[PDB]
Amino acid sequence: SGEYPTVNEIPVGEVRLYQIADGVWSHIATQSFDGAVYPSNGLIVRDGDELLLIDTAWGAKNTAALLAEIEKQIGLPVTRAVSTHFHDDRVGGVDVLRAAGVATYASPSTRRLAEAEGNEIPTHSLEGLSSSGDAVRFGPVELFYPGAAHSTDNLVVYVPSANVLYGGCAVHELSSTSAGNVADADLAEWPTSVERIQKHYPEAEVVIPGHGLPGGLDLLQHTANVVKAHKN
Ligand SMILES: C[C@@H](OCc1ccc(CN)cc1)c1cccc2c(-c3ccc(CS(C)(=O)=O)c(Cl)c3)c(C(=O)O)[nH]c12
Ligand SMILES: [Zn+2]
Ligand SMILES: [Zn+2]
């Protein structure tokens, strides 16, 4: 009823949308992994009379439910999707998207990692993102590679029309007490990658983490703090 949704509002298999700004929504879904339930976020950005999707809803059935929720709430076709790293909360559901007419994209690094790990593989490679600090335009967003953080391939997304920074899993919510699932992370480089984000997007008004509640720019410093303390 208006607050940002959590798993207590989200049974696994259902998807909620949250209006972030004009033409910008997040999507929220829940999934089970290793016997615990987690929320995760993605982004939807209006692209004229089409929509750009950032990240799947963490699984095939969740992603089908996402498409249905978008049709119900927005009613514009999703034509393209970008996955911001290779984990299942970002690419699980790419096969559903591809069978629903959505062109799927990721960096070559993400595509290689997804293939090697047995995850679903976006169709199209996003060049121009292989060096930290690189940025490219993709419809109504800018894609930015900050360096290794949560994963070596993690991308962040900026919506310039709304000053919305979608950090993905390189950015944690303010309530977080540890750095999440760090299996594929680089804890030593992560603060430097966050500093790159802070320098590149000083005018961000909303910052959206890969999991949990949006806030402001403080999410970036908080992330650096929790990662430095985790490394210790
Ligand atoms: C999809 C998968 O990604 C990793 C993965 C690890 C190993 C393997 C098998 N090699 C596959 C995938 C995944 C699976 C399960 C959980 C996560 C989390 C996660 C996010 C937040 C918190 C709360 S907090 C900041 O700690 O307060 C916690 Cl506990 C965990 C994150 C995240 O941090 O982005 N990702 C998760
Ligand atoms: Zn991840
Ligand atoms: Zn994640």
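Whatever order the structure lists ligands and atoms in, that order sets their numbers, starting from 1. Hydrogens, waters and symmetry mates are skipped; everything else that's a heavy atom, side chains included, is used. All residue numbers refer to positions in the sequence shown, counting from 1.
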Exercise. Among the N/O/S atoms of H87, select the one at the shortest distance from the Zn ion (ligand 2) and name it.
Key: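 The nearest such atom is ND1.
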Proximal atoms of ligand 1 relative to [X] (non-hydrogen, under 4.0 Å):
{"X": "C169", "answer": "34 (O)"}
{"X": "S176", "answer": "25 (C), 27 (O)"}
{"X": "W58", "answer": "1 (C), 14 (C), 15 (C)"}
{"X": "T177", "answer": "27 (O)"}

Practice problem: Could you establish whether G210 and ligand 1 come within less than 4.0 Å of each other, counting only heavy atoms on the residue side? | Solution: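 No.
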Nearest neighbour in protein (non-hydrogen) for [atom]:
{"atom": "atom 29 (Cl) of ligand 1", "result": "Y38 CE2, 3.9 Å"}
{"atom": "atom 23 (C) of ligand 1", "result": "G180 CA, 4.6 Å"}
{"atom": "atom 10 (N) of ligand 1", "result": "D184 OD2, 4.9 Å"}
{"atom": "atom 1 (C) of ligand 1", "result": "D89 OD1, 3.4 Å"}
{"atom": "atom 31 (C) of ligand 1", "result": "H211 NE2, 3.4 Å"}
{"atom": "atom 9 (C) of ligand 1", "result": "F33 CZ, 4.8 Å"}
{"atom": "atom 12 (C) of ligand 1", "result": "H87 CD2, 3.9 Å"}
{"atom": "atom 25 (C) of ligand 1", "result": "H172 ND1, 3.1 Å"}

Quiz item: For the residue pair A179 and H230, what are the closest heavy atoms and their distance?
Solution: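 That closest heavy-atom pairing would be N-CD2, 3.5 Å.
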Indicate yes or no: at least one non-hydrogen side-chain atom of [X] is less than 4.5 angstrom from one of [Y].
{"X": "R80", "Y": "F138", "value": "yes"}
{"X": "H87", "Y": "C169", "value": "no"}
{"X": "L187", "Y": "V182", "value": "yes"}
{"X": "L129", "Y": "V136", "value": "yes"}
{"X": "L17", "Y": "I74", "value": "yes"}
{"X": "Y166", "Y": "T84", "value": "yes"}
{"X": "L53", "Y": "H27", "value": "yes"}
{"X": "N41", "Y": "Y18", "value": "no"}

Practice problem: Could you tell me which N, O or S atom of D89 is nearest to the Zn ion (ligand 3)? | Solution: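 Within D89, restricted to N, O or S, the Zn ion (ligand 3) is closest to atom OD2.
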Quiz item: Looking at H211, which of its N, O or S atoms is the nearest one to the Zn ion (ligand 3)?
Solution: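 When I compare the N, O and S atoms of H211, NE2 is nearest to the Zn ion (ligand 3).
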Exercise. Only heavy atoms count here, so choose which of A183, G92, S178, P209 is nearest to atom 24 (S) of ligand 1.
Key: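 Minimum heavy-atom distance to atom 24 (S) of ligand 1 goes to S178.
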Quiz prompt | Pick from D34, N181, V182: the one approaching atom 6 (C) of ligand 1 most closely through a non-hydrogen atom | solution =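 Ranked by closest heavy atom to atom 6 (C) of ligand 1, first place is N181.
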Self-check item: Nearest-0.5 Å distance that lies between atom CG in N62 and atom CD in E69
Solution: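 The CD atom of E69 is 12.0 Å from CG of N62, to the nearest 0.5 Å.
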Quiz item: Considering residues, nucleotides and ligands other than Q73, do more than 12 of their heavy atoms fall under 6.0 Å from its CD?
Solution: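 Above 12, so yes.
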Quiz item: Heavy-atom distance from atom 35 (N) of ligand 1 to the protein below 4.0 Å?
Solution: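 Flag for atom 35 (N) of ligand 1 set to true, protein heavy atom closer than 4.0 Å.
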Exercise. Could you walk me through whether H200 and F144 pass ring pair (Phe, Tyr, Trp, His ring centres under 6.0 Å), step by step?
Key: CA-CA 9 Å; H200 213 250; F144 180 71; 4.3 Å; yes
Exercise. Tell me yes or no: between the side chains of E173 and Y4, is some donor less than 3.5 Å from an acceptor?
Key: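 No, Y4 and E173 have no side-chain donor paired with an acceptor closer than 3.5 Å.
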Practice problem: For ligand 1, note which part of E117 has a heavy atom under 4.0 Å away: side chain, backbone, both or neither. | Solution: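 Contact part for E117 vs ligand 1: neither.
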Self-check item: NE2 (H150) to the Zn ion (ligand 2) to NE2 (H85) angle, given to the nearest 10 degrees
Solution: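 Taking the Zn ion (ligand 2) as the apex, the two atoms subtend 100°.
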